[PDB]
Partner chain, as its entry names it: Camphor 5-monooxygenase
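Take a look at this single chain in structure tokens; it is the form deposited without the partner chain.
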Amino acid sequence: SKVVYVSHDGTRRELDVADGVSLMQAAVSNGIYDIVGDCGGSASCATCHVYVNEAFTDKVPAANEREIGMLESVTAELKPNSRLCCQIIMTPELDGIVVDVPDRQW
């Protein structure tokens, strides 16, 4: 399924992500350098921060308590649509999802 990672300067990078793969994993294994994913996807670091386009924030599972706590420590601006993309699992239902990546993770 399609996922578009828009870098902070506007570059739209599209990837085909298989079902069950997190957006963080697909990102770090396909050159999306603006996403670090340091902890490996256990909602333990804040380095996979992205802004989910509002047309999809409702189709994606709500952030659990751990993510909510971790998001408080994001280094870039924290927005209402901020999410740790390691917590977003790709599914056909999300095909076309767009996420904007901040200018910093650390």
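Numbering follows the first chain given and starts at 1.
Only in words, not in the display: the form deposited with the partner chain bound, which the text now covers.
Proximity to the partner chain in the deposited complex holds for none of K59, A62 and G96, with the criterion being a heavy atom within 4.5 Å.
The closest heavy atom approach of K79 to the partner chain in the deposited complex falls outside 4.5 Å. Under a 4.5 angstroms non-hydrogen atom cutoff, the partner chain in the deposited complex has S73 among its neighbouring residues. In the deposited complex, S42 approaches the partner chain with a heavy atom inside 4.5 Å.
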